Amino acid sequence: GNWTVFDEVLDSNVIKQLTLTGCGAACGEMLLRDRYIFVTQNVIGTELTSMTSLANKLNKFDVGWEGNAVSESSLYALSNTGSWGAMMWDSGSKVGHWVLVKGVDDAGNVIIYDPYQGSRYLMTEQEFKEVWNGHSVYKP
């Protein structure tokens, strides 16, 4: 979790993961919540780590979810669809970490809801693109 963020605040509206692998399911719960679908991370499955398995599970409670490796250059097109999930994978880490990309602010920063501690923070677009490994869960 060594990537650079600013304006971080604990935010009890962010769903906190219950286990190390739980960040995918926590993101999945928030992604569905934004679309008026209410399913707890335990029912989604706190073992789900790959984009394939996460999109597949969201499509058991909704329809139209994609789990794809996406180009850095599609950042703004992803956020135009609403919230989406991004797999963060920083240098030296042996695991990925799913975060919810809520949108981009007027200065172009990326707004992140992070289930690690249940916080909201911002990242520059450039720093976000470097840490995000391209793996993404989104609903065009």
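Note that residue numbering follows the sequence shown and begins at 1.
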**Study point:** Greater mean Cα temperature factor according to the PDB record, 85 to 93 or 98 to 106
**Key:** 98 to 106
Study note, to complete from the structure: Of 12 to 20 vs 121 to 129, the stretch with the larger average CA B-factor in the entry is 12 to 20
Point to revise | Out of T49, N68, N80, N59, residue topping the C-alpha B-factor column of the entry | key: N80
Review point. Thinking about Cα B factors across the chain, which third does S73 belong to?
Key: highest
Check your understanding: Lowest, middle or highest third: where is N42 by C-alpha B factor in its chain?
Key -> highest
